[PDB]
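Residue numbers (the authors' numbering): 1 to 36.
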(Lines of atoms letter the chains of each structure in order from A; the text may use other names.)
(Lines give C-alpha, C1' and ligand atoms only; values in the text may rest on other atoms or scores of the structure.)
Protein backbone atom coordinates (compact mmCIF):
# COMPACT_ATOMS: atom_id res chain seq x y z
CA UNK A 1 0.00 0.00 0.00
CA UNK A 2 1.23 3.53 -0.62
CA UNK A 3 1.63 6.08 2.15
CA UNK A 4 1.02 9.82 2.40
CA UNK A 5 3.28 11.79 -0.04
CA UNK A 6 4.15 8.58 -1.69
CA UNK A 7 3.78 7.94 -5.33
CA UNK A 8 0.62 6.07 -6.22
CA UNK A 9 1.99 6.27 -9.67
CA UNK A 10 1.07 7.40 -13.04
CA UNK A 11 1.62 5.79 -16.40
CA UNK A 12 4.40 3.27 -15.94
CA UNK A 13 4.57 3.02 -12.19
CA UNK A 14 4.24 -0.62 -11.18
CA UNK A 15 4.82 -0.07 -7.47
CA UNK A 16 2.31 0.69 -4.66
CA UNK A 17 -0.46 2.16 -6.72
CA UNK A 18 -3.09 1.82 -4.04
CA UNK A 19 -3.04 4.69 -1.60
CA UNK A 20 -3.76 4.15 2.06
CA UNK A 21 -7.24 4.83 3.28
CA UNK A 22 -7.29 8.51 4.06
CA UNK A 23 -5.03 9.47 1.19
CA UNK A 24 -6.03 9.99 -2.44
CA UNK A 25 -4.11 9.26 -5.61
CA UNK A 26 -3.81 12.60 -7.27
CA UNK A 27 -2.36 12.94 -10.73
CA UNK A 28 0.19 15.69 -10.50
CA UNK A 29 1.85 14.73 -13.73
CA UNK A 30 0.95 11.88 -16.19
CA UNK A 31 3.59 9.61 -14.71
CA UNK A 32 3.78 11.10 -11.23
CA UNK A 33 0.75 10.72 -9.10
CA UNK A 34 0.96 11.15 -5.34
CA UNK A 35 -1.12 10.00 -2.42
CA UNK A 36 -2.43 13.09 -0.75
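Heads up, the beta-carbon is just placed ideally off N, CA and C, and yes, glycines get one too.
Is the CB-CB distance between residue i and residue j below 8 Å?
i: residue 6; j: residue 32; result: no
i: residue 2; j: residue 17; result: yes
Under a three-way DSSP split, which group does residue i fall into?
i: residue 8; result: coil
i: residue 25; result: strand
i: residue 33; result: strand
i: residue 19; result: strand
Figure out for me which residue from the options has the closest Cα to the Cα of residue i.
i: residue 27; options: 14, 15 and 36; result: 36
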